[PDB]
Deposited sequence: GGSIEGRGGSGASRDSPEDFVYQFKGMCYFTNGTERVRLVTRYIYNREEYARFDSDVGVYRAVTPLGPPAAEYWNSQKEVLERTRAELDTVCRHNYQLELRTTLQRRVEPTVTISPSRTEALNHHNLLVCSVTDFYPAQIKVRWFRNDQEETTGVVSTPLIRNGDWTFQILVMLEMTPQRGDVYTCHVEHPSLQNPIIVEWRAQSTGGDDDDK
């Protein structure tokens, strides 16, 4: 019901193979419509929608504005990445693995881990990787931790032991949790 006019500016950095590949994209957005942007691969300001040409042409005409934005690949993208290595990229949080029976279905709850890289597998008895498991997408908790729930369509027997193999870069050896 109330009238609102939103404006957004996103100065993004894209890193690949560490410091090898770096790309900057400054996005100028009116409400949800991105009208102007600056790509490091392009080298100049470009209009995305018909609301962008007056801004892009004015920013390209000014020599000081273009020189500043072109230099932002080293002054902010490459600068903050060096600071990121000491804290964020060095941050390793060990996951908590628990199995709960929901009694012809098993859920492997992998809780609180950083970074996003994870490999979870369901095993039947010994060295028999099951192909009937449904895994939830990578859930973002928001407080620099992730969680993933891997469900398994299970049928129990007299001498059946179900193990959950979890691989994460924070561990030197994988986590194996059993269920009888």
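> What's missing from the model if you number the deposited sequence from 1?
Replying inline: Missing C-alpha atoms (numbering from 1) occur across the ranges 1-15, 118-124, 203-213.
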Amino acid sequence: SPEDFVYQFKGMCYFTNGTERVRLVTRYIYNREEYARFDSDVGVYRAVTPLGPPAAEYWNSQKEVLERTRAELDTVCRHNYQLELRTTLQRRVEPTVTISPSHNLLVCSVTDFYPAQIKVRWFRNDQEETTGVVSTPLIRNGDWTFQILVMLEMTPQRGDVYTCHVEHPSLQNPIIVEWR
From here on, numbers count along this sequence of modelled residues.
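> Hey, does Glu33 show up as a hole in at least a third of the other compared models?
Replying inline: No, modelled in all of them.
> Does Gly159 go missing in at least one third of the other entries compared here?
Replying inline: Negative; every one of those entries includes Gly159.
> Mean C-alpha B-factor higher for 9-17, or for 156-164?
Replying inline: Between 156-164 and 9-17, it is 156-164 that shows the higher mean C-alpha B-factor.
> Comparing 52-60 with 132-140, where is the mean C-alpha B-factor higher?
Replying inline: The deposited B-factors put 132-140 ahead on the C-alpha mean.
>> So if I compare the CA B-factors in the entry for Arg86, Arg92, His103, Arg78, which one is the largest?
In response: That would be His103.
>> Ranking every modelled residue in this chain by its Cα temperature factor as given in the entry, which third contains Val107?
In response: For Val107, the deposited C-alpha B-factor lands in the highest third.
> Which third of the chain does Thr26 land in by C-alpha B-factor: lowest, middle or highest?
Replying inline: Tercile = lowest for this residue's CA B-factor.
> With respect to C-alpha B-factor, does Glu34 fall in the lowest, middle or highest third of the chain as deposited?
Replying inline: Lowest third of the chain for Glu34's C-alpha B-factor.
>> Among the modelled residues of this chain, does the Cα B factor of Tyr45 put it in the lowest, middle or highest third?
In response: According to the entry, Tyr45 has a C-alpha B-factor in the chain's lowest third.
>> Considering every modelled residue of the chain and its Cα B-factor in the PDB entry, is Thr69 in the lowest, middle or highest third?
In response: For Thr69, whose C-alpha B-factor we compare with every modelled residue in the chain, the answer is the lowest third.
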